[PDB]
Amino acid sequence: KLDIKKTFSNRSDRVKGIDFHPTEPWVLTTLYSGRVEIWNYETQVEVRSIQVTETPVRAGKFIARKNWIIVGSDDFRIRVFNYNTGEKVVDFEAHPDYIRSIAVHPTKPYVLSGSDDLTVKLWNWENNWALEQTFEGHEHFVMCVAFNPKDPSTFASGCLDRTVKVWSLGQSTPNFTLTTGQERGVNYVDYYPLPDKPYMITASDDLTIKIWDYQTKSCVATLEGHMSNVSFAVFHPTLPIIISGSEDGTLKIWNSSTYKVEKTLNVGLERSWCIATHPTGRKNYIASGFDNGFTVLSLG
């Protein structure tokens, strides 16, 4: 089964955000230099690239049903571009501080942004990008936001305050706050996508990855072996693996039942910052962004 092949890797300035298009063979990268790139990874030619700002662009996602990309940067701004025409759809100050993470609701016209200003904000693109809600409660930088794909009326925020908070749209306090015991904070949070386990996963500067049952709040497992900050850890949408990446320069693939490491990849691009998985498992593609560029891998 596991048969990793290097589909396309290119050098660039540090890749902070990365995302797959669901129906075109494209990957978006958002760089520390303010540039973003959309690559066709099958032909190895750029679809479109934009010098968005001079500040780091830490977050970026496709919104394929609108033909957009949405990005967020340290100059405080969210910007949306039509990837077919290059048109800048909107450009607004979202937070008075860095933007760490953006999530897009799977069906509704909502975007979440998580920020160093201690908040998550919800924006509605059918209401002229209005701020519809600010979720307050975290006490340090909000590093990651993610909808629960099985119930996207709720979402998780991971924060340097050592907690994950799970919230309901339209309600002002968390449904619960998860004390992770990851004392250097939480850099990333992700949901297992399938209905048989109510699992979430967190990654930390404390070198650990933890699996949580979000119904009981118990820690199911702690995955150890990275040697520097763990930037992300995710469940794959079709394969029984977890994929993590670290400032130690490695990606790690772990068995999602036994929680034992299956493969460590020394990609050769220095520190790893971000991850994406092809949302339908096409060619088992994954992509990760690093200090010195990105790589698109086929797992099988």
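Don't overthink the numbering: it's just position in the shown sequence, from 1.
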Taking the other PDB entries of this protein that cover both neighbours, check whether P25 lacks coordinates in at least a third of them. no
Residue gap status of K283, at least a third of other entries: yes
Comparing average C-alpha B factors as deposited, tell me which of 150-158 and 79-87 sits higher. 79-87
If you average the CA temperature factors as listed in the entry, which stretch comes out higher, 57-65 or 234-242? 234-242
Determine which member of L265, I275, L28, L31 has the highest CA B-factor, using the values in the deposited entry. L265
Of the three thirds of its chain by CA temperature factor, lowest, middle or highest, which one includes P195? highest
Entry-reported C-alpha B-factor of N128 relative to its chain, by third, is highest
What third of its chain, lowest, middle or highest, does the C-alpha temperature factor of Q171 fall into? highest
Using the temperature factors of the C-alpha atoms in this entry, rank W39 within its chain: lowest, middle or highest third. lowest
Which third of the chain does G225 land in by C-alpha B-factor: lowest, middle or highest? highest
